[PDB]
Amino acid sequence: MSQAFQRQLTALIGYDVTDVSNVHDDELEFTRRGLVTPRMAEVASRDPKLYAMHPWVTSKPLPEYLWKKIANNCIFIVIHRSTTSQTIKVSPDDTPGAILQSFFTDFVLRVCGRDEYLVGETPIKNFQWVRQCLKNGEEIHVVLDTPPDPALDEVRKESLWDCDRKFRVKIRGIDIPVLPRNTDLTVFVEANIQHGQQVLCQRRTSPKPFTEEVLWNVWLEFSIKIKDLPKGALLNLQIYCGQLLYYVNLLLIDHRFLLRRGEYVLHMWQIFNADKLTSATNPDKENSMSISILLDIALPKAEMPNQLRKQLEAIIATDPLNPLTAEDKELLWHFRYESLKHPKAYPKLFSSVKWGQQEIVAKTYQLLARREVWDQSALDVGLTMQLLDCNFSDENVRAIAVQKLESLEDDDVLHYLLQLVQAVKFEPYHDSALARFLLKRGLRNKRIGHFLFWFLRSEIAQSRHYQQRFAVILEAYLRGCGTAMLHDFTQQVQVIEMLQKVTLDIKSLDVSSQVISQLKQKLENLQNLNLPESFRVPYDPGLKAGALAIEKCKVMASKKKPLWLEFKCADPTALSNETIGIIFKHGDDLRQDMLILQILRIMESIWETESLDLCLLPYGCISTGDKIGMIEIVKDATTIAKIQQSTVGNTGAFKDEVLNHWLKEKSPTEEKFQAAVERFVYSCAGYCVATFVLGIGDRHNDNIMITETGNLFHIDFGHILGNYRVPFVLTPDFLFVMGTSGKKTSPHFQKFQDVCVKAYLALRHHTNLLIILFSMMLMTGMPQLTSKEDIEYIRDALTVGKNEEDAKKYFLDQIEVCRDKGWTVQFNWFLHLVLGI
């Protein structure tokens, strides 16, 4: 042993994976070593040319709505070379390699103005880019040039079951330097032996006056035998006053299958939040509450009656958040071999396991050894995800879920990457099948790797609870992604580190000339001999930002003073001259927004399977650090509030016809207008459903935007989530566009209802998928929204356990609730947010 290298990694990671200042064992270093094999295996087995060109493809059928967009078996592609330019007809079913020969009669077709290649043996209609142009009504322009040298992607060269005694732990005492100014209070230590949120046993100390030092010197003996402890069980240590104030966790079985042994001084965390599960200890040793404990062995590795079958089937059919009674679990377990025949029973069945009994666990492994129907079943992501949530601590169970994820194609790993990374928070151990899966899939595909880096880095920078685990995973990735990516990552971070500083300096300073002048001045200096001459857009990797357009850069008139930034595209082969627009904002935990936007993408894909295209606009958004990150500026967009602020202003005097007026104005040909009107109808219904199902529908119209072409979309998800009546936003102005007012109707309004109904019942067809992603989303991403009531909102919103007919009438009623309310809620939002009442 690389020093200037481990230094670079550290800077890329934002955390030093060699720092053992905050550990009580070697699990992290052990994980560092373990991840060497998965990394090397994958780097050794990846195609250099495929890896360098990263074809973005899918094997899904071309949506019905995209088929119609095609005339005959014909698709035109415009090819560019030096100065020449010739369009070429194509069949949606032929490879790019064939199209190439149809052009002449070693170059590769790269998209103009993007790092995106149409390569490989896939039909041209199956490249995500081609599907994007078709949908948008944009034309496919490619440049013909030489393939990227794979040389650039070079990687730098390098017995428990015999101890029948009851488990015990001695609580020595707790220590905190300065305690709250709240005299006096009383405290006790609660110690829980946990396994997948199942409390196997629980003991508390006696009450003791809450002083800066509290000594008990008491042994807590549990009802559980040491030989019954399950791998992955936690000693959960909590301090209560008299309310929960502090918590810390310690793994009972360690990463080498060894019973935890000895003296511990654990710095605790201060108060279904996933943070509560971490086995990491507080880094702040000088302020944090401390607990002292002492411990004291290696862990080895007839026909159903009809009424019962019905009962079992009714159990298996309930939603993932439906509670199991003791009776349900006993039925499940008793009939485990029959349950094993239904992949959908698996989560509930493995919830029926008494993990605190060695003999039960042994039988459960006997179950898992009889896994043929599971391995033969078609991938069901919703079902798999349920095995990776907070209810399962057994790694054999969680491993069969990851095994199913193995068959995902790149495009689908992208769809689910954010929440897969978040699900690492539910892993008992730092080294897990899931972590290695993410690592492997990131090293296999540059597009996946890019988002993995940023998803990980985002958590490493604002989560003390998990930064250590995540940082170890990011390092393994950075050691195999290759030089070219390393550099691009380095550039991006340098750029963002500079833009971040500028944002803060500006905030410290209506936007007066002084703050405007400072912004432009600061941006001038950076651009002058300070900022890299090109960097990839973290939310749109194929895109490369060039130089700032300081003329268009401005400080937005918001209370957190977001930077509105403009860039030219560095790629000269870029047709248009449109700038690349990035909002740069401090003050919000944009991770929440990220999660809402990711769900939006999942809802669209769901709709796609039903050949439906509600027209959501899930803009790019990346959390880069502590309460900071970037947001994609959508072109040609104004806020619904501003649209109406024109005709009026100060007074909350909303007018009904204004929105429609604005759409007519913004359409050159009267034909474009009717399309915009239709686009409005679909994106409106899409947002009413999506927003209703997520519970974020009641918005002030300043947080709802619209495109010149009629694409409605919600923004500012952080604000509502952070401060969390009408079921969604469908106001007189929206209704007017569809051609209705009061006790009336319209073709477009009939259309609206219909679409909502379709969209909605379609989401219900994936109820389980939606419920598990929603549940996880709250637990790992919105701490302030992790109460029992919070997690369960979506059960009601999806009207779980209802006919499509009952469900349909339910949503229609919701549409009618909006009608009856008119501008009433908007008026209220205005009073509050615009002035303050």
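Residue numbers here begin at 1 and follow the sequence given.
Handout entry: Unmodelled stretch of the deposited sequence separating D296 from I297, binned as none, 1 to 3, 4 to 9 or 10 or more
Key = The entry has a gap there, with 4 to 9 residues left out between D296 and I297.
Problem - Interresidue gap class [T83, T84; deposited sequence, unmodelled] - result: The entry has no unmodelled residues between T83 and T84.
Exercise for the section: May I ask you to compare 768-776 and 47-55 by their mean CA B factor in the entry and name the higher one? Expected result: The stretch with the larger mean CA B-factor is 47-55.
Practice task
Would you tell me which stretch averages the higher CA B-factor in the PDB entry, 178-186 or 231-239?
Solution key: Looking at the recorded C-alpha B-factors, 178-186 comes out higher on average.
Exercise for the section: Pick out which of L388, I140, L721, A345 has the highest C-alpha B-factor in the PDB entry. Expected result: Among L388, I140, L721, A345, the highest C-alpha B-factor in the entry belongs to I140.
Exercise for the section: Tell me which of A399, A461, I315, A98 tops the list for C-alpha B factor in the record. Expected result: Among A399, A461, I315, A98, the highest C-alpha B-factor in the entry belongs to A98.
Practice task
Could you look up the Cα B-factor of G781 in the entry and say which third of the chain it sits in: lowest, middle or highest?
Solution key: Answer is lowest: the recorded C-alpha B-factor places it there.
Practice task
Sort the modelled residues of this chain by their C-alpha B factor and say whether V36 lands in the lowest, middle or highest third.
Solution key: As the PDB entry reports it, the C-alpha B-factor of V36 lands in the middle third of its chain.
Practice task
Please place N322 in the lowest, middle or highest third of its chain by C-alpha B factor as given in the entry.
Solution key: Lowest third.
Practice task
Using the B-factor values recorded in the entry, state whether the Cα atom of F127 falls in the lowest, middle or highest third among the modelled residues of its chain.
Solution key: CA B-factor rank for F127: middle third.
Handout entry: Within-chain third of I70 by Cα B-factor, per the entry
Key = For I70, the deposited C-alpha B-factor lands in the highest third.
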